[PDB]
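# Summary of structural features
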Amino acid sequence: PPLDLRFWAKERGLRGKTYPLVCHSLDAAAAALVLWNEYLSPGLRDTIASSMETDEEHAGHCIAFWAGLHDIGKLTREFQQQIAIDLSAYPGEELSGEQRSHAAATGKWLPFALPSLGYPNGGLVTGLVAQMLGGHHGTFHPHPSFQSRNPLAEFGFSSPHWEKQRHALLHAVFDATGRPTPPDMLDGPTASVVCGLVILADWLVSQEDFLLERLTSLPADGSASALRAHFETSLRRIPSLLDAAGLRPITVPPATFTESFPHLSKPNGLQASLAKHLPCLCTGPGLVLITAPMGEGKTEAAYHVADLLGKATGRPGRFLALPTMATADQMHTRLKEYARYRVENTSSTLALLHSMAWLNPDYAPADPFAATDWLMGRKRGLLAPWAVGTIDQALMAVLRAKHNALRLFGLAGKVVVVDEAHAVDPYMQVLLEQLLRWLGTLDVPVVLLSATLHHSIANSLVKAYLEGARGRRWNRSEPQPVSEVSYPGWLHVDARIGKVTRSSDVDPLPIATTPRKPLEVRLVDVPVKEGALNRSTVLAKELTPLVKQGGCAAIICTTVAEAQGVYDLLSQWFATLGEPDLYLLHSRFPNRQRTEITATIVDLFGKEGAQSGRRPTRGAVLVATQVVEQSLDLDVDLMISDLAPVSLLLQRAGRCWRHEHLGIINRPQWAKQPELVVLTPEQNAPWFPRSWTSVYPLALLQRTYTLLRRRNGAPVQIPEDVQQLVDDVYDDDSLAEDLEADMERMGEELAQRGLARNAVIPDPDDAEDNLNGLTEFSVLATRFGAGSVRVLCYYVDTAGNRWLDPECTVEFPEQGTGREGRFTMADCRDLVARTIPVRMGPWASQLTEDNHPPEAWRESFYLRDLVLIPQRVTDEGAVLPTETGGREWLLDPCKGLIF
DNA sequence: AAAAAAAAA
Ligand SMILES: Nc1ncnc2c1ncn2[C@@H]1O[C@H](COP(=O)(O)OP(=O)(O)OP(=O)(O)O)[C@@H](O)[C@H]1O
Ligand SMILES: [Fe+3]
Ligand SMILES: [Fe+3]
C-alpha cells in the first residue's frame, strides 16, 4: 500500500514542524550502514558476520535493515497522538492505558512480522533480533510471552489499517537496504554489540542540525523511489556526521620497537624479550599478562604489545585503563604524543574518560586527536577511536544499567589495556573477570600490566579470559591455567586453543631490570597510650640523624588524624630548633591545595629535583597517609611506615632510593642502606589499634607482621624476593594464629566478591539467547564501600552573610557568570577546586537545610550534590570549629579538614 | 578511623 508520511517520529525542537517516521527510520538505516563500513574495526565486522555465519556486505545490510526498524514501535496510536494529528482514516486501536515505551512495542510487534520476510517463526534469530531492537534505548525487555494463537492481537496490534502501515513501513526499509535475507545464526553477545551499533546510529541522526537540514527536502510521498532518493541523500550525509564527532579510526602503521620509539635510546631487558618473542605468538586474538616493578617501561612495552594485537585482530581502537583520574590524566598525554609521533600525515579524537574530564581545560573544548563536543557526551566516551580513562569507565560495561551495550560496542573494536591490575580489590576483581570474560568471547585482544600480583588473582584473570573465549566456564577437575607468576616476567594466552605460553618457555635470560640494593626492613616496637601509638619517643630517635646532617625522610601513617598528630608533633619539634622542612599530605585537602603540595613534593624529592639540584641539602621530612602509594615520582633516603599488608608496604617502600641508580644523588652519611622502618605496637595473638583494624583486616596485619619476624631483620632482595612475599602472606596458613580473626577476613572477602556477582551482567553462555538479563535490576557501584561525598566549606559572619574565604571578602556565588547567570565549566572548575572529598559515615544522615546548596546550583551536574560545611567566623575574625551533622568541623590551613 | 571513582535522542 502507499505508505502515508503523516506518521511522525520527531516533534521536539523543529519549530512546529514534524519529521516523518519513515525518514527517521531510513536515516537510521543509512547511518547504521555507513557505520558498518567506515567506523567499525575490520576485525570487529568479521567477528559479527562470522557469528551470524555470513559475508560482510550481507552482514552489514541485515544490520542496516534492523537498525531502521528500531523505532517501528512509534507506529501505535498511543505514541502518535501525543502531538496534533488527523488520524480519521485509521479507526480502531484505541488507547489501552498501558503506556508502552515505543521501544518495548518494537520488541513486541517485530517477532510476528519478521517471518513475513523470511525469518524463522520462533527462531532464536527472530528472538534476539527483536529483543535487541526493543532495547534500543538502553533497557532490554523480556521475550514476549503469550497464550493465544494470534499474539499480534494479544499485544495490541489489532487494526487492519494501522497494521498495513506498520507493514508498509516494514517493507519500505526492507526494499531500501536491499531486501537482505535472514542470517542463520546470531547469539547474545554478538547481538548486544549489534545493539550498540544501532544505538550510536539512532543518536547520530537525532541531532537538530542534521534533522533541520533534512527537513527542507522531505520526499513528497511514499513512493519506493521518493524514498530511495531520501535513503540515498542520507547515505551521503552521514560520513560528515562521523567527522564532526571525531569518530574516524586512528590507524598506526606496523613498526618495530625501535622504530615506534625512536626517542628511547636503549630497550629494556623486558622490552627486548617482548619485542622479539611476541610477533610469532600473536597469531590472533589473545591476552598478554605482563608483570614487573616500578619504572620498568611497561607502558612503552604496552603500546607495542597493543599494536601487534592490533594487526592480529583487525582492531586499531585503543582503551587504556587506569586506577585513578590522576594516572589517567598523565597517561592521556603519554599516548597523545605517541600518536602524533606515529600517525602517518595523510579527524579522529583521543578521549579522556573519568568524572572530572570537563574540569581539565587542556582536554575539554571551549588539532588532530583533539576532543570534540559530541564525544564529550554522557555515555559516549568509550566510542572514541582511541581513548584513555579510569578502569571504572569500562567495568560500567558489565554492571547492569542502561546503555551497557553501547559501552560494550565501544570496547569491542579496540585493543584494551589495563595497567596496575594489582591495584584492584576483591570487589573490582569480580567485575573485571566478567569484563575479561565478555571481551574474551568477543575477539578483543587484551593486555594486563602489573607490579607484583598474587597468583590466585592472575590465574582467575586469565581463566576468565579463556572461559569467555571458548564458551564454557571452568571445571573443578580442569587443570588451572596458572600455578606460578614470575616477577618480572610475561605470559601470553591464545584464543584458538587456549595455550598459556609463559616467558620461561620461549626464552631463558632471565628478564633484565634495574639492579638495586636489597631493602632493609626493621620492625620497631612502639609504646601504646589509650589504644593508639604514641610515637614521640621513637621519632626523636630515628629522625635525629636527619636534623643533624640533613636528608630526605618520609613518614607514613595508617590514618588521617594520625598523620595530623605526627605533623603537630614534628612541627613543635622544629619550633625549638628553631632554625628542617616539613610537609603534610593526605586525602582531606581542597583539590586546589592538594595539587600544589604534591607539586612541591615531586619537585624536591623527585627525579627532576636531583637532575636540577633542587633537592634540599638541609633535612626534609614528609608525613603521609596511603596517598603515597599512588603515582608519586618520589625518592627518599629514609622511610618509616606503620604496618600494612606486605603488598602495600613493598610499594610504600618502592620510593626509597627509587633513582639511586642514576647516581645523581649524594646521600647523607647516616643514610647507609635503603631502609624501611616499620612501626608496630608493643604487646602484652598479635594486636593492633582499632584504627588499623578499621582500614586493614586484623588478620592481614597479623600475618604480615609474622611474615617479617620470620626473617629477623634480614633484608629483602629486589626484584627477587618480592613475589614470594606477596604470594606467601595469603597462602601460608601458619602465619594465622588468631583463627576467629582470620576467618573474619575470609568472610569479609566473600561479602565483597558476593555483592559484585549481584551487580554484574550474565556470563555470556547464559546470555546466549536472552539479552534481558543484561539491564535488569530492582545506582550500582564500580567500587565496594560507602563512598565519598564532596564538601565545600563556606564561611559565615554573624550577620551572617556567607563567604568563600575566612577573610569574608569573596561573596558566596548565588549565581554563575555564563549567560543568564548559568554556571559554566569554567565556573564549576573554579568552584570544584575548593571542595574536599569526605568519606561517608553517619554524619551525612544528619544534614540540615543550610548544608544543602542554593537552588541555582541544583541545575548543575558538578555542583548539584555538594554538601556545604559552615565554619563560623567571629567578629574579631577567627575560624571556630563548627557543628555540622553531629560532629565538629574545622578546615585548618596547614592540616586540612578536621572532624 | 584509607584511598580511590562515580539528558540524551
Ligand atoms: N629503556 C628504558 N629504560 C628505563 N626507562 C625508560 C626507558 N625508556 C624510557 N624510559 C622511561 O622510564 C619511565 C618508565 O615508566 P613507565 O611510563 O613505563 O611506567 P612504569 O613505572 O614502567 O610502569 P607504570 O606504567 O605502572 O608506571 C618512562 O618515563 C619512560 O619515559
Ligand atoms: Fe527510540
Ligand atoms: Fe529513533
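This deposited entry lists X-ray crystallography as its structure determination method and 3.3400 Å as its resolution.

So, about the sheet that holds strand β25 (residues 896-898). Ordered in space as β23-β24-β25, the 3 strands form an open sheet in which the pairing is antiparallel. The sheet is open, and its two borders are formed by β23 (882-883) and β25, each paired with just one other strand. Relative to β25, strand β24 (residues 888-892) runs antiparallel, the two being bridged by 3 bridges. Paired with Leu890 across the bridge in β25 is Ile898.

What follows covers the packing of aromatic side chains. Counted according to the given criterion, the structure contains 21 aromatic pairs. For the pair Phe112 and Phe146, a centre-to-centre distance of 5.4 Å together with 75 degrees between the ring planes defines the contact as edge-to-face. Taken as a pair, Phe112 in the loop between α5 (102-109) and α6 (124-133) and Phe146 in the loop between α6 and α7 (151-154) lie far apart in primary sequence, 34 residues in all. The exposure class assigned to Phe112 is partly exposed, which follows from its relative accessible area of 22%. Under the relative-accessibility criterion, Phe146 is labelled partly exposed at 33%. Judged by centre distance (6.2 Å) and plane angle (70 degrees), the rings of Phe823 and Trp857 are edge-to-face. Linking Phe823 in the loop between β20 (802-803) and α30 (825-832) with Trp857 in the loop between β21 (835-839) and β22 (867-872), this pair joins segments that are 34 residues apart in sequence. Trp857 gets classed as buried once you look at its relative accessible area, which sits at 0%. Through a chain of ring-to-ring contacts, three or more aromatic side chains come together here, namely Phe257, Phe261, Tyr303 and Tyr338. Its guanidinium or amino end placed over the ring of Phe861, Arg378 lies 5.8 Å from that ring's centre, counting from NZ or CZ. Looking at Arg380, its charged tip hangs above the ring of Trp374, at a distance of 4.3 Å from the centre.

Here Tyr487 and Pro488 are connected by a cis peptide whose omega angle stands at 0 degrees. For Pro488, the position within the fold is in the loop between α19 (455-470) and β9 (491-494). In this structure, the amide linkage connecting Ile718 to the following residue, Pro719, adopts the cis form with an omega of 5 degrees. Looking at the secondary structure, you find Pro719 in the loop between α27 (698-709) and α28 (722-731). Unlike most non-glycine residues, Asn712 shows phi in positive territory, near 50 degrees. Of the residues examined, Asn712 reaches a relative accessible area of 66% and is grouped as exposed.

About the thresholds
- Residues numbered from 1 in each chain as written, not as in the entry; some residues may be left out.
- Chains lettered and ligands numbered in written order.
- Heavy atoms only, no water.
- Pairing = 2+ DSSP bridges.
- Helix = DSSP H or I, 4+ residues; strand = E, 2+ residues; numbered from the N terminus.
- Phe/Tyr/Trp six-rings, centres within 6.5 Å; stacked < 30°, edge-to-face > 60°.
- Buried < 20%, exposed > 50% of the residue type's maximum accessible area, 1.4 Å probe, protein only.
- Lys NZ or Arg CZ within 6 Å of the ring centre and 35° of its normal.

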